[PDB]
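A.B. asks: I'd like to ask you about the structure that follows.
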Amino acid sequence: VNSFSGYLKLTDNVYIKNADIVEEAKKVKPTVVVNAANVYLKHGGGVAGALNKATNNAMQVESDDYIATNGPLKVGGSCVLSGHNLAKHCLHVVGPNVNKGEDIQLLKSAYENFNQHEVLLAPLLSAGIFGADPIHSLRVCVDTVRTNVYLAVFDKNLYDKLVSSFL
Ligand SMILES: Cc1ccccc1C[C@H](CO)Nc1ncnc2[nH]ccc12
């Protein structure tokens with residue numbers, strides 16, 4: 001039993017809700033919140049910009065030190081950093097950005113990072129400003145993640161379509 005509330009159950013391990021991931025994180029304080037990161041950990045817009053803003057830019061300061069030490073992530077890769085005031089940890093995961101020409105096949109690799117954590121709050125990877133079809137992102141999620149994932153989806157019109165079209 002966990003404190004996630006109001007989710008629809010898609011599968012044995014995947015749950016989905018129309019919600020602002022920032023507001024959800026502040027309520028649940030999950031062990032792991034997933035960020036929709038880029039390889040530079042430059043948290044400008046979308047989920048990343050919103051999470052970082054909610055940390056008063058502390059996420060960005062920490063991320064800049066991470067990059068200065070380790071260099072960029074890989075597309076499909078991830079790193080674990082602090083969750084600041086939002087969660088214990090933030091798993092920064094880089095899905096492919098279709099608007100940068102990156103290989104959508106990398107989306108499965110991106111979701112595989114979730115399997116290293118027993119429970120996560122997360123957005124749909126590569127959706128939104130990363131340019132991929134969110135229906136496809138949900139499918140890859142369900143077919144790749146085996147741990148317990150609570151998906152937030154901020155956009156209301158997007159949520160209803162994802163539920164109604166789910167196979
Ligand atoms: C995946 C992605 C990345 C970048 C931009 C937009 C999206 C699409 C999703 C679904 O709507 N966005 C969000 N999902 C949950 N919590 C959110 N909080 C603020 C935005 C937001």
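A note on labels: chains of the structure tokens are A, B, ... as shown, every chain counts residues from 1, and ligands are counted from 1 in their shown order.
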What are the closest atom pairs, with distances in Å to one decimal, for each residue of chain A lying within 9 Å of ligand 1, using only C-alpha atoms and all ligand atoms, rows by chain and rising residue number, as a Markdown table?

C.D. replies:
| residue | atom | partner | partner_atom_place_in_ligand_line | distance |
| --- | --- | --- | --- | --- |
| A:18 | CA | ligand 1 | 15 (C) | 8.1 |
| A:19 | CA | ligand 1 | 16 (N) | 6.3 |
| A:20 | CA | ligand 1 | 16 (N) | 4.0 |
| A:21 | CA | ligand 1 | 16 (N) | 3.6 |
| A:22 | CA | ligand 1 | 18 (N) | 5.6 |
| A:23 | CA | ligand 1 | 18 (N) | 8.0 |
| A:24 | CA | ligand 1 | 16 (N) | 8.3 |
| A:35 | CA | ligand 1 | 3 (C) | 8.7 |
| A:36 | CA | ligand 1 | 3 (C) | 5.8 |
| A:37 | CA | ligand 1 | 3 (C) | 8.4 |
| A:45 | CA | ligand 1 | 4 (C) | 6.4 |
| A:46 | CA | ligand 1 | 5 (C) | 3.1 |
| A:47 | CA | ligand 1 | 20 (C) | 4.3 |
| A:48 | CA | ligand 1 | 4 (C) | 6.9 |
| A:49 | CA | ligand 1 | 19 (C) | 7.8 |
| A:50 | CA | ligand 1 | 19 (C) | 5.4 |
| A:51 | CA | ligand 1 | 18 (N) | 7.4 |
| A:122 | CA | ligand 1 | 15 (C) | 7.6 |
| A:123 | CA | ligand 1 | 14 (N) | 5.1 |
| A:124 | CA | ligand 1 | 1 (C) | 5.0 |
| A:125 | CA | ligand 1 | 1 (C) | 5.4 |
| A:126 | CA | ligand 1 | 1 (C) | 5.7 |
| A:127 | CA | ligand 1 | 1 (C) | 4.1 |
| A:128 | CA | ligand 1 | 7 (C) | 3.1 |
| A:129 | CA | ligand 1 | 5 (C) | 4.4 |
| A:130 | CA | ligand 1 | 3 (C) | 6.0 |
| A:131 | CA | ligand 1 | 2 (C) | 8.6 |
| A:134 | CA | ligand 1 | 8 (C) | 8.0 |
| A:151 | CA | ligand 1 | 15 (C) | 8.0 |
| A:152 | CA | ligand 1 | 15 (C) | 5.0 |
| A:153 | CA | ligand 1 | 14 (N) | 4.3 |
| A:154 | CA | ligand 1 | 11 (O) | 4.1 |
| A:155 | CA | ligand 1 | 11 (O) | 4.0 |
| A:156 | CA | ligand 1 | 11 (O) | 7.5 |
| A:157 | CA | ligand 1 | 11 (O) | 8.7 |
| A:158 | CA | ligand 1 | 11 (O) | 6.5 |
| A:159 | CA | ligand 1 | 11 (O) | 7.7 |

A.B. asks: As a ChimeraX atom specification, please: the residues near segment 109-113 of chain A (cut-off 10 Å, only C-alpha atoms, same-chain neighbours under 5 positions excluded).

C.D. replies: /A:74-79,91-96,104,124-126,137,140-147

A.B. asks: Find the spatial neighbours of segment 39-42 of chain A, counting only C-alpha atoms, within a cut-off of 6 Å - ignore same-chain residues fewer than 6 positions away - and output them as a PyMOL selection string.

C.D. replies: chain A and resi 63+72-73

A.B. asks: Would you export the selected residues with C-alpha atoms as a PDB file, in the first residue's frame, please?

C.D. replies:
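Output saved as result.pdb:
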ATOM      1  CA  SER A  63      22.583  19.514 -12.169  1.00  0.00           C
ATOM      2  CA  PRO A  72      26.361  14.869 -20.546  1.00  0.00           C
ATOM      3  CA  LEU A  73      24.036  11.925 -20.232  1.00  0.00           C
TER       4      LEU A  73
END

A.B. asks: Looking only at the backbone, which of the residues in segment 22-165 of chain A does DSSP tag as strand (DSSP E or B), as a list in words?

C.D. replies: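 Result set for segment 22-165 of chain A (strand (DSSP E or B)): residues 32, 33, 34, 35, 36, 78, 79, 80, 81, 82, 89, 90, 91, 92, 93, 119, 120, 121, 122, 148, 149, 150, 151, 152 and 153 of chain A.
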
A.B. asks: Which parts of segment 23-136 of chain A does DSSP call alpha helix (DSSP H) when run on the backbone here, written out as a ChimeraX atom specification?

C.D. replies: /A:23-28,46-54,58-70,106-112,134-136

A.B. asks: Can you pull out the residues contacting residue 121 of chain A? Cut-off 7 Å, using only C-alpha atoms, and skip same-chain residues under 2 positions away; I want them as a list in words.

C.D. replies: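 Here the answer would be residues 30, 32, 33, 34, 149, 150 and 151 of chain A.
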
A.B. asks: Store the residues picked out above in a file with N, CA and C atoms, as a JSON list (two decimals), in the first residue's frame.

C.D. replies:
[["chain", "number", "residue", "atom", "x", "y", "z"],
["A", 30, "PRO", "N", 7.09, 11.34, -3.04],
["A", 30, "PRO", "CA", 7.47, 9.97, -3.38],
["A", 30, "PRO", "C", 8.96, 9.75, -3.18],
["A", 32, "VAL", "N", 10.81, 8.47, -5.47],
["A", 32, "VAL", "CA", 11.40, 8.83, -6.75],
["A", 32, "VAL", "C", 10.39, 9.60, -7.59],
["A", 33, "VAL", "N", 10.75, 10.80, -8.02],
["A", 33, "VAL", "CA", 10.06, 11.51, -9.10],
["A", 33, "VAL", "C", 10.97, 11.48, -10.32],
["A", 34, "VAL", "N", 10.39, 11.17, -11.48],
["A", 34, "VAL", "CA", 11.13, 11.16, -12.74],
["A", 34, "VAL", "C", 11.03, 12.53, -13.40],
["A", 149, "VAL", "N", 4.67, 2.12, -11.49],
["A", 149, "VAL", "CA", 4.80, 3.47, -12.02],
["A", 149, "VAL", "C", 3.44, 4.16, -11.99],
["A", 150, "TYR", "N", 3.45, 5.38, -11.44],
["A", 150, "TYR", "CA", 2.30, 6.27, -11.34],
["A", 150, "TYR", "C", 2.55, 7.41, -12.31],
["A", 151, "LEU", "N", 1.82, 7.41, -13.41],
["A", 151, "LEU", "CA", 1.98, 8.37, -14.49],
["A", 151, "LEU", "C", 1.06, 9.56, -14.29]]

A.B. asks: Which value, in Å to one decimal, gives the distance between atom CA of residue 17 of chain A and atom CA of residue 138 of chain A?

C.D. replies: 12.3 Å

A.B. asks: Which one is closest to residue 53 of chain A: A:86, A:98, A:120, A:106? Count only C-alpha atoms.

C.D. replies: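 Using only C-alpha atoms, the shortest distance to residue 53 of chain A belongs to A:86.
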